[PDB]
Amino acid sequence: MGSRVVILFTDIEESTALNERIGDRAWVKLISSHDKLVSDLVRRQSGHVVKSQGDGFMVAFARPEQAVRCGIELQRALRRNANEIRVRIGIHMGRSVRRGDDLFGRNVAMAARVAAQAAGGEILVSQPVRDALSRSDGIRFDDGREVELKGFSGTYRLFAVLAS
């Protein structure tokens, strides 16, 4: 059931506290700039922004390498800007159901929970994504760590992207 897709979620770390610190005027400007940054970088990796959730985005890619490259570029850009906003990123792949400009299904929820596990500045991918990129020449992962994900049974191993 559903078409196979790679889902990337972004979320800003402690965005509510940031918004409260800087005030709504500054926040709207910051989030507009951030939206444009994410949108541009997604487009470069032939991805599609499915939707935004205030301080985060759900993004779809056809290939896992595109999702990871996008995450890598986004973290790089955020580091460059910081000269502050930290973003966590999670990537998962599997079948999901399209409805309008949205995605539904357990693999959407799982991608979101993978992102929720990541620290600010970090890109985490699920084991299927790591395995699919086991033979990549430029993408490197740590040895992963075991977590449990809300709503799911059992344990999942999540892998951090190690960028050049």
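In this text, residue numbers run from 1 along the sequence as written.
Counting the deposited residues that fall between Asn83 and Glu84 and carry no coordinates gives a value of 4 to 9.
Mean CA temperature factor is higher for 40-48 when stretches 40-48 and 109-117 are set side by side in the entry. Note on 131-139 vs 57-65: mean CA B-factor is higher in 131-139. In this structure the maximum Cα B-factor among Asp24, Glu146, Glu14, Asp11 is found at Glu146.
The PDB entry assigns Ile7 a C-alpha temperature factor belonging to the lowest third of its chain's modelled residues. The deposited CA B-factor of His34 belongs to the lowest third of values across its chain.
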